[PDB]
>>> print(open('query.pdb').read())   # PDB, C-alpha atoms (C1' of nucleotides)
MODEL        1
ATOM      1  CA  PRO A   1     -75.423  53.955  61.077  1.00  0.00           C
ATOM      2  CA  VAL A   2     -78.519  53.695  63.274  1.00  0.00           C
ATOM      3  CA  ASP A   3     -78.852  57.482  63.617  1.00  0.00           C
ATOM      4  CA  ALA A   4     -77.211  60.737  62.587  1.00  0.00           C
ATOM      5  CA  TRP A   5     -75.607  61.052  66.026  1.00  0.00           C
ATOM      6  CA  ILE A   6     -75.936  59.831  69.607  1.00  0.00           C
ATOM      7  CA  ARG A   7     -75.802  62.102  72.660  1.00  0.00           C
ATOM      8  CA  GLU A   8     -76.148  60.702  76.191  1.00  0.00           C
ATOM      9  CA  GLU A   9     -76.315  63.114  79.131  1.00  0.00           C
ATOM     10  CA  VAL A  10     -75.542  62.487  82.804  1.00  0.00           C
ATOM     11  CA  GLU A  11     -76.642  65.202  85.218  1.00  0.00           C
ATOM     12  CA  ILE A  12     -74.133  66.396  87.824  1.00  0.00           C
ATOM     13  CA  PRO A  13     -75.575  67.045  91.315  1.00  0.00           C
ATOM     14  CA  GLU A  14     -74.597  70.094  93.326  1.00  0.00           C
ATOM     15  CA  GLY A  15     -72.143  68.340  95.635  1.00  0.00           C
ATOM     16  CA  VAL A  16     -70.209  66.611  92.833  1.00  0.00           C
ATOM     17  CA  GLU A  17     -67.757  68.217  90.409  1.00  0.00           C
ATOM     18  CA  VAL A  18     -66.807  66.370  87.218  1.00  0.00           C
ATOM     19  CA  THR A  19     -63.748  67.101  85.082  1.00  0.00           C
ATOM     20  CA  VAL A  20     -62.574  65.556  81.807  1.00  0.00           C
ATOM     21  CA  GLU A  21     -59.036  65.530  80.406  1.00  0.00           C
ATOM     22  CA  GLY A  22     -58.321  63.633  77.203  1.00  0.00           C
ATOM     23  CA  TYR A  23     -60.002  60.249  77.632  1.00  0.00           C
ATOM     24  CA  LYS A  24     -59.987  60.184  81.461  1.00  0.00           C
ATOM     25  CA  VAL A  25     -62.822  61.462  83.669  1.00  0.00           C
ATOM     26  CA  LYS A  26     -62.553  62.507  87.330  1.00  0.00           C
ATOM     27  CA  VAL A  27     -65.526  62.750  89.709  1.00  0.00           C
ATOM     28  CA  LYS A  28     -65.034  64.515  93.049  1.00  0.00           C
ATOM     29  CA  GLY A  29     -67.520  64.685  95.895  1.00  0.00           C
ATOM     30  CA  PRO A  30     -67.875  64.862  99.678  1.00  0.00           C
ATOM     31  CA  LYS A  31     -66.822  61.211 100.125  1.00  0.00           C
ATOM     32  CA  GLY A  32     -63.791  60.889  97.842  1.00  0.00           C
ATOM     33  CA  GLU A  33     -62.462  61.041  94.293  1.00  0.00           C
ATOM     34  CA  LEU A  34     -62.896  58.605  91.406  1.00  0.00           C
ATOM     35  CA  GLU A  35     -61.108  58.201  88.080  1.00  0.00           C
ATOM     36  CA  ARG A  36     -61.518  56.196  84.935  1.00  0.00           C
ATOM     37  CA  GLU A  37     -60.353  56.145  81.320  1.00  0.00           C
ATOM     38  CA  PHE A  38     -63.322  55.843  78.947  1.00  0.00           C
ATOM     39  CA  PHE A  39     -61.948  55.254  75.445  1.00  0.00           C
ATOM     40  CA  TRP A  40     -63.770  54.222  72.281  1.00  0.00           C
ATOM     41  CA  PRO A  41     -62.792  55.368  68.760  1.00  0.00           C
ATOM     42  CA  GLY A  42     -65.124  58.194  67.797  1.00  0.00           C
ATOM     43  CA  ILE A  43     -66.702  58.768  71.224  1.00  0.00           C
ATOM     44  CA  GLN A  44     -65.874  62.072  72.921  1.00  0.00           C
ATOM     45  CA  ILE A  45     -66.800  63.066  76.478  1.00  0.00           C
ATOM     46  CA  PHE A  46     -67.179  66.692  77.566  1.00  0.00           C
ATOM     47  CA  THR A  47     -68.939  68.681  80.287  1.00  0.00           C
ATOM     48  CA  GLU A  48     -71.684  71.093  79.208  1.00  0.00           C
ATOM     49  CA  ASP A  49     -73.540  73.266  81.717  1.00  0.00           C
ATOM     50  CA  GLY A  50     -74.450  70.769  84.444  1.00  0.00           C
ATOM     51  CA  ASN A  51     -74.225  67.552  82.445  1.00  0.00           C
ATOM     52  CA  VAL A  52     -71.535  65.181  81.222  1.00  0.00           C
ATOM     53  CA  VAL A  53     -72.092  64.465  77.525  1.00  0.00           C
ATOM     54  CA  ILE A  54     -71.047  61.315  75.671  1.00  0.00           C
ATOM     55  CA  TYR A  55     -71.387  62.103  71.978  1.00  0.00           C
ATOM     56  CA  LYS A  56     -70.680  60.380  68.681  1.00  0.00           C
ATOM     57  CA  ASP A  57     -71.422  60.915  64.991  1.00  0.00           C
ATOM     58  CA  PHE A  58     -73.176  58.297  62.859  1.00  0.00           C
ATOM     59  CA  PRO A  59     -73.009  55.582  65.545  1.00  0.00           C
ATOM     60  CA  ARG A  60     -73.641  51.877  65.080  1.00  0.00           C
ATOM     61  CA  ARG A  61     -75.205  49.283  67.370  1.00  0.00           C
ATOM     62  CA  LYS A  62     -71.953  48.581  69.218  1.00  0.00           C
ATOM     63  CA  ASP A  63     -71.218  52.304  69.489  1.00  0.00           C
ATOM     64  CA  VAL A  64     -74.632  52.887  71.067  1.00  0.00           C
ATOM     65  CA  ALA A  65     -74.030  50.055  73.528  1.00  0.00           C
ATOM     66  CA  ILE A  66     -70.613  51.458  74.465  1.00  0.00           C
ATOM     67  CA  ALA A  67     -72.004  54.962  74.966  1.00  0.00           C
ATOM     68  CA  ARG A  68     -74.837  53.694  77.163  1.00  0.00           C
ATOM     69  CA  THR A  69     -72.484  51.641  79.342  1.00  0.00           C
ATOM     70  CA  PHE A  70     -70.157  54.638  79.690  1.00  0.00           C
ATOM     71  CA  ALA A  71     -73.086  56.767  80.848  1.00  0.00           C
ATOM     72  CA  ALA A  72     -74.040  54.045  83.329  1.00  0.00           C
ATOM     73  CA  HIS A  73     -70.479  53.965  84.675  1.00  0.00           C
ATOM     74  CA  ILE A  74     -70.395  57.743  85.129  1.00  0.00           C
ATOM     75  CA  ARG A  75     -73.734  57.598  86.945  1.00  0.00           C
ATOM     76  CA  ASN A  76     -72.286  54.868  89.166  1.00  0.00           C
ATOM     77  CA  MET A  77     -69.315  57.112  89.955  1.00  0.00           C
ATOM     78  CA  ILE A  78     -71.596  59.989  90.935  1.00  0.00           C
ATOM     79  CA  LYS A  79     -73.764  57.683  93.050  1.00  0.00           C
ATOM     80  CA  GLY A  80     -70.786  56.169  94.841  1.00  0.00           C
ATOM     81  CA  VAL A  81     -69.130  59.491  95.560  1.00  0.00           C
ATOM     82  CA  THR A  82     -72.374  61.039  96.857  1.00  0.00           C
ATOM     83  CA  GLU A  83     -73.707  58.260  99.084  1.00  0.00           C
ATOM     84  CA  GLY A  84     -71.495  55.242  98.369  1.00  0.00           C
ATOM     85  CA  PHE A  85     -72.398  51.566  98.223  1.00  0.00           C
ATOM     86  CA  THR A  86     -73.108  48.834 100.770  1.00  0.00           C
ATOM     87  CA  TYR A  87     -73.414  45.067 100.244  1.00  0.00           C
ATOM     88  CA  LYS A  88     -74.874  42.538 102.692  1.00  0.00           C
ATOM     89  CA  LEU A  89     -73.855  38.894 103.079  1.00  0.00           C
ATOM     90  CA  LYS A  90     -75.261  36.100 105.239  1.00  0.00           C
ATOM     91  CA  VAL A  91     -73.089  33.364 106.758  1.00  0.00           C
TER      92      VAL A  91
ATOM     93  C1'   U B   1      -2.074 -29.829  97.654  1.00  0.00           C
ATOM     94  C1'   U B   2      -2.038 -33.811  92.784  1.00  0.00           C
ATOM     95  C1'   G B   3       0.997 -35.811  88.295  1.00  0.00           C
ATOM     96  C1'   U B   4       5.638 -35.195  86.308  1.00  0.00           C
ATOM     97  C1'   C B   5      10.860 -33.112  85.498  1.00  0.00           C
ATOM     98  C1'   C B   6      15.331 -30.385  87.508  1.00  0.00           C
ATOM     99  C1'   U B   7      19.266 -36.783  91.579  1.00  0.00           C
ATOM    100  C1'   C B   8      17.426 -36.162  97.109  1.00  0.00           C
ATOM    101  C1'   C B   9      16.731 -31.452 101.074  1.00  0.00           C
ATOM    102  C1'   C B  10      15.586 -26.305 100.404  1.00  0.00           C
ATOM    103  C1'   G B  11      14.115 -23.882  95.807  1.00  0.00           C
ATOM    104  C1'   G B  12      11.744 -24.016  90.866  1.00  0.00           C
ATOM    105  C1'   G B  13       9.425 -25.257  85.143  1.00  0.00           C
ATOM    106  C1'   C B  14       4.667 -27.296  82.905  1.00  0.00           C
ATOM    107  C1'   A B  15      -0.249 -29.256  83.563  1.00  0.00           C
ATOM    108  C1'   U B  16      -6.858 -23.411  82.200  1.00  0.00           C
ATOM    109  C1'   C B  17      -3.609 -19.029  87.055  1.00  0.00           C
ATOM    110  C1'   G B  18      -2.702 -27.015  87.269  1.00  0.00           C
ATOM    111  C1'   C B  19      -6.627 -27.085  91.046  1.00  0.00           C
ATOM    112  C1'   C B  20      -8.524 -25.298  95.942  1.00  0.00           C
ATOM    113  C1'   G B  21      -9.146 -21.349 100.194  1.00  0.00           C
ATOM    114  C1'   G B  22      -8.288 -16.290 101.448  1.00  0.00           C
ATOM    115  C1'   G B  23      -7.169 -11.532  99.336  1.00  0.00           C
ATOM    116  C1'   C B  24      -5.512  -5.007  99.951  1.00  0.00           C
ATOM    117  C1'   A B  25      -5.381  -1.185  95.850  1.00  0.00           C
ATOM    118  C1'   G B  26      -8.504  -0.468  91.307  1.00  0.00           C
ATOM    119  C1'   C B  27     -13.411  -1.287  88.852  1.00  0.00           C
ATOM    120  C1'   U B  28     -18.046  -2.366  90.131  1.00  0.00           C
ATOM    121  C1'   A B  29     -23.763  -3.183  92.372  1.00  0.00           C
ATOM    122  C1'   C B  30     -26.678  -6.513  95.094  1.00  0.00           C
ATOM    123  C1'   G B  31     -23.925  -1.207  98.453  1.00  0.00           C
ATOM    124  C1'   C B  32     -24.172   4.279  99.891  1.00  0.00           C
ATOM    125  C1'   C B  33     -25.309   9.552  99.125  1.00  0.00           C
ATOM    126  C1'   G B  34     -28.246  13.946  96.400  1.00  0.00           C
ATOM    127  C1'   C B  35     -32.818  15.576  93.235  1.00  0.00           C
ATOM    128  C1'   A B  36     -37.226  23.652  95.262  1.00  0.00           C
ATOM    129  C1'   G B  37     -42.030  24.227  95.656  1.00  0.00           C
ATOM    130  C1'   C B  38     -42.680  29.564  95.029  1.00  0.00           C
ATOM    131  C1'   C B  39     -43.490  33.546  91.784  1.00  0.00           C
ATOM    132  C1'   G B  40     -46.103  35.463  86.224  1.00  0.00           C
ATOM    133  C1'   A B  41     -49.578  34.823  82.528  1.00  0.00           C
ATOM    134  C1'   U B  42     -53.393  31.329  80.904  1.00  0.00           C
ATOM    135  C1'   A B  43     -57.273  26.693  79.111  1.00  0.00           C
ATOM    136  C1'   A B  44     -62.096  24.552  80.830  1.00  0.00           C
ATOM    137  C1'   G B  45     -64.799  26.524  84.690  1.00  0.00           C
ATOM    138  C1'   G B  46     -66.534  29.902  88.980  1.00  0.00           C
ATOM    139  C1'   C B  47     -67.551  35.422  89.524  1.00  0.00           C
ATOM    140  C1'   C B  48     -67.928  41.400  89.706  1.00  0.00           C
ATOM    141  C1'   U B  49     -69.447  45.970  86.904  1.00  0.00           C
ATOM    142  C1'   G B  50     -72.587  46.616  82.589  1.00  0.00           C
ATOM    143  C1'   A B  51     -75.538  48.007  78.155  1.00  0.00           C
ATOM    144  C1'   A B  52     -77.200  46.527  73.396  1.00  0.00           C
ATOM    145  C1'   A B  53     -82.763  45.173  74.851  1.00  0.00           C
ATOM    146  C1'   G B  54     -85.710  51.603  80.734  1.00  0.00           C
ATOM    147  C1'   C B  55     -85.794  44.968  83.389  1.00  0.00           C
ATOM    148  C1'   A B  56     -82.644  40.796  83.258  1.00  0.00           C
ATOM    149  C1'   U B  57     -77.866  39.151  81.857  1.00  0.00           C
ATOM    150  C1'   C B  58     -70.095  36.411  83.384  1.00  0.00           C
ATOM    151  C1'   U B  59     -69.411  39.758  77.507  1.00  0.00           C
ATOM    152  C1'   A B  60     -70.400  43.318  73.709  1.00  0.00           C
ATOM    153  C1'   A B  61     -66.312  47.454  76.273  1.00  0.00           C
ATOM    154  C1'   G B  62     -63.941  46.678  81.314  1.00  0.00           C
ATOM    155  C1'   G B  63     -62.062  43.717  85.886  1.00  0.00           C
ATOM    156  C1'   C B  64     -60.772  39.398  89.689  1.00  0.00           C
ATOM    157  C1'   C B  65     -59.686  34.407  90.710  1.00  0.00           C
ATOM    158  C1'   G B  66     -58.349  29.608  88.174  1.00  0.00           C
ATOM    159  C1'   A B  67     -54.446  23.215  85.883  1.00  0.00           C
ATOM    160  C1'   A B  68     -49.197  17.345  86.796  1.00  0.00           C
ATOM    161  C1'   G B  69     -50.023  22.074  81.173  1.00  0.00           C
ATOM    162  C1'   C B  70     -46.858  27.333  79.411  1.00  0.00           C
ATOM    163  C1'   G B  71     -42.654  31.069  80.985  1.00  0.00           C
ATOM    164  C1'   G B  72     -38.743  32.110  85.365  1.00  0.00           C
ATOM    165  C1'   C B  73     -36.101  30.705  89.513  1.00  0.00           C
ATOM    166  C1'   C B  74     -32.589  25.287  89.277  1.00  0.00           C
ATOM    167  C1'   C B  75     -28.957  21.970  86.466  1.00  0.00           C
ATOM    168  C1'   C B  76     -25.583  20.849  81.704  1.00  0.00           C
ATOM    169  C1'   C B  77     -22.980  22.920  76.853  1.00  0.00           C
ATOM    170  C1'   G B  78     -21.828  27.816  75.636  1.00  0.00           C
ATOM    171  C1'   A B  79     -17.065  33.934  72.391  1.00  0.00           C
ATOM    172  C1'   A B  80     -17.911  31.490  65.310  1.00  0.00           C
TER     173        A B  80
ENDMDL
END
>>> encode(input="query.pdb", output="structure tokens")
Amino acid sequence: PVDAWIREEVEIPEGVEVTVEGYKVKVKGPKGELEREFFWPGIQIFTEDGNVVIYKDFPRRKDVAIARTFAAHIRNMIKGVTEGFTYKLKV
RNA sequence: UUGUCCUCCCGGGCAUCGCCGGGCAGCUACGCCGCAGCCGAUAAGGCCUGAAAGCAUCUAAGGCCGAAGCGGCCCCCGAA
């Protein structure tokens, strides 16, 4: 194990409410609702105060990578639900 | 229609069916009719999201397309 435990936090802005049931996380905001199932053996996701916490005991390199990508995905959900995304293409 | 025999005529036997021309039915080909391009998942490859590795990155987790190849539609045998 690279460390005793790993704990990644994702802050929740005022306009967004985040809920977790089992291994599936819901993010609701003024623009819509988003879902996703984040599963990895040993990683547990819960909401504490105003943050979403991805936590694991005695993680390894791959576990750390998985936790970081999960945090990035949750941040992407919050970003999309609170302003959304726009792509530009040139013909 | 040739040779021969039944005496001759008609009518017949044999000579590869005696030989030659034609020939329906049947069988045949050299004849004629019939043989779908659509769904599903993939290989190489082309991409999205994304960290390990505050950036980057098609890959580590996750997702989308993608072969005369693979599975189904189709045909034949099939209640030991």
>>> resolve_selection(input="query.pdb", expression="the PyMOL selection byres ((chain A) within 12 of (chain B))", output="list in words")
residues 36, 37, 38, 39, 40, 41, 60, 61, 62, 63, 64, 65, 66, 67, 68, 69, 70, 71, 72, 73, 74, 75, 76 and 77 of chain A
>>> residues_around(input="query.pdb", residues="residue A:21", least_positions_apart="4", cutoff="9 Å", atoms="all atoms listed in the file", output="list in words")
residues 25, 26 and 46 of chain A
>>> atom_distance(input="query.pdb", atom1="atom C1' of residue B:48", atom2="atom CA of residue A:81")
19.1 Å
>>> residues_around(input="query.pdb", residues="residue A:55", least_positions_apart="6", cutoff="8 Å", atoms="all atoms listed in the file", output="ChimeraX atom specification")
/A:5-8,43-45,67
>>> residues_around(input="query.pdb", residues="residue B:70", least_positions_apart="4", cutoff="12 Å", atoms="all atoms listed in the file", output="list in words")
residues 40, 41, 42 and 43 of chain B
>>> closest_residue(input="query.pdb", among="A:35, A:84, A:28, A:89", to="residue A:13", atoms="only C-alpha atoms")
A:28
>>> residues_around(input="query.pdb", residues="residue A:18", least_positions_apart="4", cutoff="9 Å", atoms="only C-alpha atoms (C1' of nucleotides)", output="list in words")
residues 12, 25, 26, 27, 28, 29, 47, 51, 52 and 78 of chain A
>>> closest_residue(input="query.pdb", among="A:87, A:3, A:82, A:14", to="residue A:34", atoms="only C-alpha atoms")
A:82
>>> atom_distance(input="query.pdb", atom1="atom CA of residue A:90", atom2="atom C1' of residue B:65")
21.4 Å
>>> residues_near_point(input="query.pdb", point="(-73.2, 57.3, 61.3)", cutoff="9 Å", atoms="all atoms listed in the file", output="ChimeraX atom specification")
/A:1-5,56-60
>>> closest_residue(input="query.pdb", among="A:31, A:24, A:9, A:16", to="residue A:85", atoms="all atoms listed in the file")
A:31
>>> atom_distance(input="query.pdb", atom1="atom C1' of residue B:77", atom2="atom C1' of residue B:37")
26.8 Å
>>> residues_around(input="query.pdb", residues="residue B:73", least_positions_apart="3", cutoff="10 Å", atoms="all atoms listed in the file", output="ChimeraX atom specification")
/B:36,38-39
>>> closest_residue(input="query.pdb", among="A:32, A:15, A:79, A:42", to="residue A:54", atoms="only C-alpha atoms")
A:42
>>> closest_residue(input="query.pdb", among="A:22, A:11, A:49, A:30", to="residue A:83", atoms="only C-alpha atoms")
A:30
